[PDB]
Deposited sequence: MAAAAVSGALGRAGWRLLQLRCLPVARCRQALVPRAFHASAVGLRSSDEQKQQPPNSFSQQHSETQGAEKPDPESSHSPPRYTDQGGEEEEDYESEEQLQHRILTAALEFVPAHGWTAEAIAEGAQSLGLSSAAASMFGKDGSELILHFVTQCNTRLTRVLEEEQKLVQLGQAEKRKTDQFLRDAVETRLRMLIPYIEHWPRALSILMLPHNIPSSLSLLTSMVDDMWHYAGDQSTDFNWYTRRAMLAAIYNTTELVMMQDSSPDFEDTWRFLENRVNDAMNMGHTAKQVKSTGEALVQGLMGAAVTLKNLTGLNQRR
């Protein structure tokens, strides 16, 4: 199908986003290295979808590493702090243009797509922490982690500390205050 063409076009555009942004100019410039809307919603939703897929592989590889050896299981609060930091570090190369991307994700017609992607991400984080909730605690735990991720992402946008050390300190206190329910 032609879906592979646009997937490759969108994949190639990400190499020029830090220079141009999340507009259709980088979509064309990224495609110019391959041979072949202007809002940018498709490019942003593609990047978020691929970053969620990369996170699943990273968490899965750490799970089999702890089930065998050369890795010791850690506490839930420690695990969730590492999963959020791992996912947020994928935004470092695009840190300058991400506030613009967040604005597009917050548009009213993009809200259902952004929420489903965010729900799938925190569901994966809680699964690899060993959640196994079959009651309303399923919604409580995932809503709590979604709020932690979104507020930590906003702190990361306006953070100038070395290696975002003030962002991870904010994440630590957030997670600690949430485990004391």
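- Residues of the deposited sequence missing from the coordinate set occupy positions 1-94, 131-138, 284-318.
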